[PDB]
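[1] Experimental coordinates for this protein are included below, preceded by the sequence.
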Amino acid sequence: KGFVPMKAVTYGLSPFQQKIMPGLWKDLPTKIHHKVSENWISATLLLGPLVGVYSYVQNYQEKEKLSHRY
Amino acid sequence: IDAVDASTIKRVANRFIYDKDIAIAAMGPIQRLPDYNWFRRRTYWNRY
């Protein structure tokens, strides 16, 4: 647990000299599109098996119930 | 000059020092120098 010699240069500005809130809602649709396009595969892989198993169980149960009738 | 007593010192200090912005510049091995917010908060006291 130690540190390293670095050699960098940085500039900063005071907190009380810059607008804070307007950054949240600036350009939402492009951010939403980027997130969706990047994580569509993760969403698919998370939500696939649940839907498949649920549909299969529903179909099996209704078929069995309707086949037990008179 | 001799018309600047303790009360005037406190008045001018509370006009210029207390709770105002600062400017810093450092050079060298300054990796262990406190960040901006440390200095900025230390310009007033919560004890008083």
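    Looks like it arrived, so ask away. Numbers count the residues shown, from 1 in each chain, chains lettered A, B, ... in the order given.
[2] Run through the strands of chain B in chain order.
    Counting by DSSP state E, chain B has no strands at all.
[3] and it, which residues reach chain A?
    B:21, B:31, B:36, B:37, B:40 (CB under 8 Å from any CB of the partner chain). For the C-beta atoms, the positions are set from N, CA and C on the backbone; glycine is no exception.
[4] Go through those and say which is closest to residue A:28.
    residue B:37 (29.6 Å; CB to CB).
[5] Let me see the backbone angles for residue A:34.
    Dihedral pair for residue A:34: phi -60, psi -50, per degrees, to the nearest 10.
[6] where exactly do the helices run in the chain?
    All of this is about chain A. A:28-67 (DSSP state H).
[7] oops, I was thinking of chain B
    Using DSSP H, helices in chain B cover B:6-16, B:36-41.
[8] what sits against residue 12?
    Since no chain was named, I'll use chain A. Residue A:12 makes contact with residue B:36 under the criterion CB atoms under 8 Å, 6 or more residues apart in numbering or on different chains.
[9] The nearest residue to residue B:44 once chain neighbours are set aside: neighbour count?
    Distances taken as CB to CB, 6 or more residues apart in numbering or on different chains place residue B:19 nearest to residue B:44, at 4.8 Å, with adjacent residues excluded. With neighbours defined by other CB atoms under 10 Å in any protein chain shown, the count for residue B:19 comes to 9.
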